[PDB]
Each structure stands twice: as C-alpha cells, then as structure tokens.
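S.K.: A single structure is presented below for examination.
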Amino acid sequence: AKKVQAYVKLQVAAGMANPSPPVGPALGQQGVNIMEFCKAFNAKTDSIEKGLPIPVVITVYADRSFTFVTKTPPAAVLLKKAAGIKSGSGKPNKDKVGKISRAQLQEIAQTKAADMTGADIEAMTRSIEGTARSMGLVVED
Amino acid sequence: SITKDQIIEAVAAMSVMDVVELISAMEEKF
Amino acid sequence: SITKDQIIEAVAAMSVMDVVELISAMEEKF
Amino acid sequence: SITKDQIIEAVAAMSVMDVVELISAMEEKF
Amino acid sequence: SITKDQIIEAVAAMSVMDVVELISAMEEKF
Amino acid sequence: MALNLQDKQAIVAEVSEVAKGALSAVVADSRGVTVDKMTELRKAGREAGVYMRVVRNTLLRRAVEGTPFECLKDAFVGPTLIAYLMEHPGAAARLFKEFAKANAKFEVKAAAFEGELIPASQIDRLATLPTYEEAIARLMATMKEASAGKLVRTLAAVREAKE
C-alpha cells in the first residue's frame, strides 16, 4: 500500500449495476468511462447475486481505463435483507424499533475475514456490535 | 537426547533408507 | 538401530536441541 | 562390468564409508 | 564393494560410457 | 494520566513481558505511519494476534530504569526514540523477521537491530530462529549426505572436468 492516488465509493444497489438515473455523470471522471463501468463490475458481481452494496477502490494511472479490487460489504445495509424492516435509522433511540439479539447478525460478523481490524476472532464481534444500532435496535443477547 | 556419535553413525542406513527417514519425516503433509 | 524408533526421538522434540544438533552435522563429515 | 545396475545396488555405503569416498575422490580428482 | 572399488570403476567407466553413464546417474535425484 | 501510580503501572505491567519474555526487539520508528499499526497488528490477523505488543515506551527513565528484572548491559540499551516489542505465547522465532523483512523495506529506521534480551548481548542481528517449524530445513539439512552432497561434486567431473 501507499496512501492516496485515486478512489471513491458511491452506489445504491447491486440489483442494478452502473445506475443511469442515480450517480449518472458522477461515477468517475479522471480515467473512468461510463459505458465501461459495467464490463469489469458485473464480471464477478453476477458471480454471487445482485441487490447489495458494493463499494471499491479505483487504481488510476494514465493508461486509458483503470483497475479496482473491492471487498466485504457494509454490515448496515444487511439490515434490510437480514434483520427486519426495509429502512433503518429514521426513528433512532426514541422508541424501541426493531430488535436483534446475540443470535442474529452473528455470522454477519463472520463474513469479513481479512477485512476486520479485530484480530481476536471473538473480539472482532464488538465491531459490528454497532452496525445495527444506528437506529436503535436493543439486543436480547 | 544428545546421543552424539550414534544418531550420526546410523548413516549405515545408506541412501534409500535416508529417503525412508525423510518420506515419513513429514509424510501425511504437503 | 531401528529407524522406526530412531525417529520417535526428534519429531515431537523441541526445536531448541535440534539446532544444538544441526551444525554438529556440518563437521562430522562433508 | 555394469553401470546403472551397480548404482542402484551401490545405493549404500554409509557416510562412514561414503564421505571417505568423496574425500578420497579428491585423492585423484578436483 | 570396498570404498576403493567404487572409486576406480567410477573414474574409469570410460567417457563414451561415463559421459553416458555418470551423466545418467544424474537423472535419478538432485 | 497519573503520577507515580500510573508511571509504575506502564512499568511492571509491561515489564512482565521482560521477566517472562519469549523473544525481544528494540526498534525506533522515526517518521512511522499508521501502517505501522496496520502491519505488526495486521499480520496479527491470519498469522499472529494479540500475542504481540510494541508499546512505544522508550520513556527510558521508565522503560530502562524500569527493568529491575535482570536485563543488565541495558543501561545502554534504551537510546533515544524506541519502541520495544515482546512475546508471551508461541515460540521465540518468527517475530524477528516481522521487523527484519519490513523495516528493511524503508519503513523507517530499524534501530539497525540493536538486539535485545534472551541471550542478553548487543547489536548485530541473527536469524537462526525463524528457520523453525520449517523442519524441511532440517530435512535437506542432511544434504542427502550420501546423495546430493555427492551428485553435486562426485559427479561434477563430467559436466565440469572432461577436457
């Protein structure tokens, strides 16, 4: 690694790659084409499923296109498919909204293997211990 | 332990026996 | 001596001794 | 005589006799 | 064989023989 | 913070990693980055862990003066900026390499490896440790004795001696 050369992260869902209405002319402008950011993305995105957040770095030089290497997704968006309601925050901690305990989201703290600055396989559980409290979801743990 | 002039002089094992003491000197491995 | 047991005395052994027994092999002969 | 047939059966000569065959191999070459 | 018998037949074993013998003795291991 | 009640703390608490210390390394880190904690702490993931600490405590007056647990020749071993490192579980091998094969790649000065405890001496790195659990180094270590160490010379009179 080095530091910073060129990279960002703006996206709404994997259910629909390279969105046209959303970001539009706001998905790379320094060596990033808009009709090419769907030939290197769905090259492995269609290898798991479509409908979940997929951020990623953007290694840029000066040779026509570019190169990227994404990783584990956010454990906050997984609360629309693996937890409860469709939304999230909205109603923070003013009235016990959804409720997730020790059991749920358990293995969701097991998906980020290499991407988890929580050496202690057990302690790394305290990290995501909040990726489901940004709206108030008491744990029945 | 420290059995000096023996664990060495056991070289009477000759070639093929040394590959026998190496095949297993890891066997069930990579 | 039997090699079957001439190995059951170094495998699960401690890596400390071995070194104090490795170099000693580079002078015995070679 | 033979060559390879007595290189497989020659696969012996403990280091006690082996190393002395490389050291005496110096008493004529290298 | 005595260590002195492996020496002669070795260095000896000609060349049209050795350079086709010893060299082959290198297509076994190492 | 806190005075003596806190000073004494950083001492004994970490100086336990000296009495019962596996290995030992003293590396300054002038110009260190965060990757500094994204390395010795990253390699702690799938090949190490919370079994390693490099608590920069070169407070000398605290670190050095704080080592009554027999570590002589150290009244010198504690110069300028420092970042000691110690082990509790595991062997006393590898560790030296995490530094030797990192700082060697720029990564700030490496105190030229001033050496630390265990044998208790001075400066001039070694590496007879990380060769451990690499048993196959003890395997070929026999150089096939009869074989290889032979097929390398006793059969070099043909590919290098026929003129």
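Naming scheme: A, B, ... for chains in displayed order of the structure tokens; residues 1 onward per chain; ligands 1 onward as shown.
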Once chain E is fitted to chain B on all Cα atoms paired one-to-one in order, how large is the remaining RMSD?
M.R.: 3.4 Å
S.K.: For the contact check between chain F and chain B, emit one row per residue of chain F within 9 Å, containing the shortest atom pair and the distance in Å rounded to one decimal, counting only C-alpha atoms, chain then rising number order, as JSON lines.
M.R.:
```
{"residue": "F:135", "atom": "CA", "partner": "B:26", "partner_atom": "CA", "distance": 8.4}
{"residue": "F:136", "atom": "CA", "partner": "B:26", "partner_atom": "CA", "distance": 8.1}
{"residue": "F:139", "atom": "CA", "partner": "B:22", "partner_atom": "CA", "distance": 6.6}
{"residue": "F:140", "atom": "CA", "partner": "B:22", "partner_atom": "CA", "distance": 8.8}
{"residue": "F:144", "atom": "CA", "partner": "B:18", "partner_atom": "CA", "distance": 7.1}
{"residue": "F:145", "atom": "CA", "partner": "B:15", "partner_atom": "CA", "distance": 8.3}
{"residue": "F:146", "atom": "CA", "partner": "B:15", "partner_atom": "CA", "distance": 6.2}
{"residue": "F:147", "atom": "CA", "partner": "B:15", "partner_atom": "CA", "distance": 6.7}
```
S.K.: Those selected residues, please, written with C-alpha atoms and delivered as a PDB file, in the first residue's frame.
M.R.:
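As a result, out-v3.pdb now contains:
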```
ATOM      1  CA  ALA F 135      11.616 -28.587   9.527  1.00  0.00           C
ATOM      2  CA  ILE F 136      12.261 -29.279   5.841  1.00  0.00           C
ATOM      3  CA  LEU F 139      15.398 -32.394   6.153  1.00  0.00           C
ATOM      4  CA  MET F 140      17.611 -31.282   3.268  1.00  0.00           C
ATOM      5  CA  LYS F 144      21.069 -36.349   1.471  1.00  0.00           C
ATOM      6  CA  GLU F 145      24.605 -36.796   2.881  1.00  0.00           C
ATOM      7  CA  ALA F 146      25.326 -39.683   0.560  1.00  0.00           C
ATOM      8  CA  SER F 147      23.207 -38.367  -2.310  1.00  0.00           C
TER       9      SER F 147
END
```
S.K.: Output as a ChimeraX atom specification all residues of region 65-138 of chain A that backbone DSSP marks as helix (DSSP H, G or I).
M.R.: /A:77-79,107-109,123-125,128-130
S.K.: Selection from above, N, CA and C atoms, as a PDB file, in the first residue's frame, can you write it?
M.R.:
```pdb
ATOM      1  N   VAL A  77     -26.266  -2.182   5.675  1.00  0.00           N
ATOM      2  CA  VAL A  77     -27.238  -2.368   4.604  1.00  0.00           C
ATOM      3  C   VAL A  77     -27.854  -3.762   4.662  1.00  0.00           C
ATOM      4  N   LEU A  78     -27.188  -4.668   5.371  1.00  0.00           N
ATOM      5  CA  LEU A  78     -27.666  -6.039   5.512  1.00  0.00           C
ATOM      6  C   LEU A  78     -28.840  -6.105   6.486  1.00  0.00           C
ATOM      7  N   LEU A  79     -29.282  -4.942   6.957  1.00  0.00           N
ATOM      8  CA  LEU A  79     -30.399  -4.862   7.892  1.00  0.00           C
ATOM      9  C   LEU A  79     -31.724  -4.698   7.152  1.00  0.00           C
ATOM     10  N   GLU A 107     -23.299 -14.484  12.181  1.00  0.00           N
ATOM     11  CA  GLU A 107     -22.430 -14.832  11.062  1.00  0.00           C
ATOM     12  C   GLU A 107     -22.194 -13.634  10.139  1.00  0.00           C
ATOM     13  N   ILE A 108     -22.909 -12.538  10.391  1.00  0.00           N
ATOM     14  CA  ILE A 108     -22.744 -11.322   9.601  1.00  0.00           C
ATOM     15  C   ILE A 108     -21.479 -10.653  10.121  1.00  0.00           C
ATOM     16  N   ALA A 109     -20.979 -11.190  11.229  1.00  0.00           N
ATOM     17  CA  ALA A 109     -19.757 -10.710  11.854  1.00  0.00           C
ATOM     18  C   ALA A 109     -18.710 -11.788  11.599  1.00  0.00           C
ATOM     19  N   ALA A 123     -13.298 -10.947  19.713  1.00  0.00           N
ATOM     20  CA  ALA A 123     -13.418  -9.510  19.938  1.00  0.00           C
ATOM     21  C   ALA A 123     -13.903  -8.752  18.709  1.00  0.00           C
ATOM     22  N   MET A 124     -13.554  -9.248  17.524  1.00  0.00           N
ATOM     23  CA  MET A 124     -13.968  -8.596  16.290  1.00  0.00           C
ATOM     24  C   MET A 124     -15.489  -8.586  16.195  1.00  0.00           C
ATOM     25  N   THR A 125     -16.138  -9.170  17.199  1.00  0.00           N
ATOM     26  CA  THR A 125     -17.593  -9.230  17.253  1.00  0.00           C
ATOM     27  C   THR A 125     -18.137  -7.932  17.845  1.00  0.00           C
ATOM     28  N   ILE A 128     -18.916  -4.895  14.670  1.00  0.00           N
ATOM     29  CA  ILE A 128     -20.238  -4.847  14.052  1.00  0.00           C
ATOM     30  C   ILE A 128     -21.318  -4.683  15.124  1.00  0.00           C
ATOM     31  N   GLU A 129     -20.915  -4.762  16.391  1.00  0.00           N
ATOM     32  CA  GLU A 129     -21.847  -4.613  17.507  1.00  0.00           C
ATOM     33  C   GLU A 129     -22.583  -3.280  17.452  1.00  0.00           C
ATOM     34  N   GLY A 130     -22.335  -2.514  16.398  1.00  0.00           N
ATOM     35  CA  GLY A 130     -22.989  -1.229  16.252  1.00  0.00           C
ATOM     36  C   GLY A 130     -23.570  -1.015  14.867  1.00  0.00           C
TER      37      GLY A 130
END
```
S.K.: Between CA of residue 86 (chain A) and CA of residue 51 (chain A), what is the distance, to one decimal in Å?
M.R.: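 Interatomic distance here is 13.1 Å.
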S.K.: For the structure I just gave you, how does DSSP split region 1-137 of chain A - specifically, which residues are strand (DSSP E or B)? Reply as a ChimeraX atom specification.
M.R.: /A:7-8,56-57,59,67
S.K.: Would you mind reading off the distance between CA of residue 148 (chain F) and CA of residue 134 (chain F), one decimal, in Å?
M.R.: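 Atom-to-atom, CA of residue 148 (chain F) to CA of residue 134 (chain F), that is 19.8 Å.
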S.K.: Skipping near chain neighbours, those fewer than 3 positions away, what residues fall within 9 Å of region 78-86 of chain F using only C-alpha atoms, listed as a PyMOL selection string?
M.R.: chain F and resi 17-18+21-30+51-60+63-64+74-75+95+111+116
S.K.: Using C-alpha atoms, can you write the selected residues to a file as an mmCIF file, in the first residue's frame?
M.R.:
```
data_model
loop_
_atom_site.group_PDB
_atom_site.id
_atom_site.type_symbol
_atom_site.label_atom_id
_atom_site.label_comp_id
_atom_site.auth_asym_id
_atom_site.auth_seq_id
_atom_site.Cartn_x
_atom_site.Cartn_y
_atom_site.Cartn_z
ATOM 1 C CA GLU F 17 6.964 -9.125 29.117
ATOM 2 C CA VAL F 18 10.624 -8.912 30.135
ATOM 3 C CA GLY F 21 9.785 -12.692 27.751
ATOM 4 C CA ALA F 22 9.840 -15.007 24.756
ATOM 5 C CA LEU F 23 11.871 -13.039 22.212
ATOM 6 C CA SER F 24 12.900 -9.355 22.182
ATOM 7 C CA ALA F 25 13.349 -6.444 19.732
ATOM 8 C CA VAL F 26 14.088 -2.695 20.079
ATOM 9 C CA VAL F 27 13.112 -0.645 17.015
ATOM 10 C CA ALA F 28 12.833 3.141 16.806
ATOM 11 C CA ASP F 29 10.228 4.439 14.359
ATOM 12 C CA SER F 30 11.173 7.984 13.366
ATOM 13 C CA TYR F 51 0.297 -12.093 21.426
ATOM 14 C CA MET F 52 2.466 -9.196 20.267
ATOM 15 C CA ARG F 53 2.926 -5.665 21.561
ATOM 16 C CA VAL F 54 5.357 -2.893 20.593
ATOM 17 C CA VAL F 55 4.146 -0.348 23.149
ATOM 18 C CA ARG F 56 6.415 2.586 22.376
ATOM 19 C CA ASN F 57 7.538 3.187 25.963
ATOM 20 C CA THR F 58 11.100 4.340 25.384
ATOM 21 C CA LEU F 59 10.456 6.669 28.298
ATOM 22 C CA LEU F 60 13.818 5.149 29.219
ATOM 23 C CA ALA F 63 11.373 1.682 30.278
ATOM 24 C CA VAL F 64 15.083 1.311 31.023
ATOM 25 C CA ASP F 74 20.802 -2.375 29.062
ATOM 26 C CA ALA F 75 21.940 0.792 30.850
ATOM 27 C CA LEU F 95 8.981 -12.233 15.343
ATOM 28 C CA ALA F 111 17.498 0.777 15.140
ATOM 29 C CA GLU F 116 17.664 -7.249 22.986
#
```
S.K.: Can you check which parts of chain A lie within 9 Å of chain F? Per residue, the shortest pair of atoms and distance in Å to one decimal, counting only C-alpha atoms, sorted by chain and number, as a Markdown table.
M.R.:
```
| residue | atom | partner | partner_atom | distance |
| --- | --- | --- | --- | --- |
| A:1 | CA | F:35 | CA | 8.6 |
| A:113 | CA | F:46 | CA | 9.0 |
| A:114 | CA | F:45 | CA | 7.5 |
| A:116 | CA | F:45 | CA | 8.4 |
| A:117 | CA | F:42 | CA | 7.3 |
| A:118 | CA | F:45 | CA | 7.7 |
| A:119 | CA | F:45 | CA | 4.7 |
| A:120 | CA | F:49 | CA | 6.9 |
| A:121 | CA | F:45 | CA | 8.6 |
```
S.K.: I need the chosen residues saved as a PDB file, in the first residue's frame, with N, CA and C atoms.
M.R.:
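Output saved as again_18.pdb:
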```
ATOM      1  N   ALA A   1       0.848  -1.226   0.000  1.00  0.00           N
ATOM      2  CA  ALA A   1       0.000   0.000   0.000  1.00  0.00           C
ATOM      3  C   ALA A   1       0.866   1.252   0.000  1.00  0.00           C
ATOM      4  N   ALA A 113     -13.653 -11.622   6.818  1.00  0.00           N
ATOM      5  CA  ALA A 113     -12.497 -12.344   7.342  1.00  0.00           C
ATOM      6  C   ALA A 113     -11.239 -11.483   7.362  1.00  0.00           C
ATOM      7  N   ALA A 114     -10.655 -11.265   6.189  1.00  0.00           N
ATOM      8  CA  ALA A 114      -9.442 -10.464   6.072  1.00  0.00           C
ATOM      9  C   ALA A 114      -9.714  -8.988   6.346  1.00  0.00           C
ATOM     10  N   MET A 116     -11.195  -7.021   8.802  1.00  0.00           N
ATOM     11  CA  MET A 116     -11.661  -6.875  10.178  1.00  0.00           C
ATOM     12  C   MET A 116     -10.478  -6.614  11.102  1.00  0.00           C
ATOM     13  N   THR A 117     -10.261  -5.348  11.445  1.00  0.00           N
ATOM     14  CA  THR A 117      -9.162  -4.977  12.325  1.00  0.00           C
ATOM     15  C   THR A 117      -9.434  -5.425  13.755  1.00  0.00           C
ATOM     16  N   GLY A 118     -10.013  -6.614  13.878  1.00  0.00           N
ATOM     17  CA  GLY A 118     -10.314  -7.169  15.182  1.00  0.00           C
ATOM     18  C   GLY A 118      -9.657  -8.527  15.309  1.00  0.00           C
ATOM     19  N   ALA A 119      -8.326  -8.534  15.247  1.00  0.00           N
ATOM     20  CA  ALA A 119      -7.531  -9.756  15.347  1.00  0.00           C
ATOM     21  C   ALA A 119      -8.288 -10.851  16.082  1.00  0.00           C
ATOM     22  N   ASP A 120      -8.607 -10.587  17.344  1.00  0.00           N
ATOM     23  CA  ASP A 120      -9.333 -11.548  18.155  1.00  0.00           C
ATOM     24  C   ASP A 120     -10.637 -11.909  17.457  1.00  0.00           C
ATOM     25  N   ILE A 121     -10.685 -13.117  16.906  1.00  0.00           N
ATOM     26  CA  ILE A 121     -11.866 -13.606  16.204  1.00  0.00           C
ATOM     27  C   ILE A 121     -13.121 -13.352  17.040  1.00  0.00           C
TER      28      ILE A 121
END
```
S.K.: When you draw a straight line from CA of residue 42 (chain A) to CA of residue 2 (chain A), how long is it in Å?
M.R.: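 Taking CA of residue 42 (chain A) as the start and CA of residue 2 (chain A) as the end point, the length is 27.6 Å.
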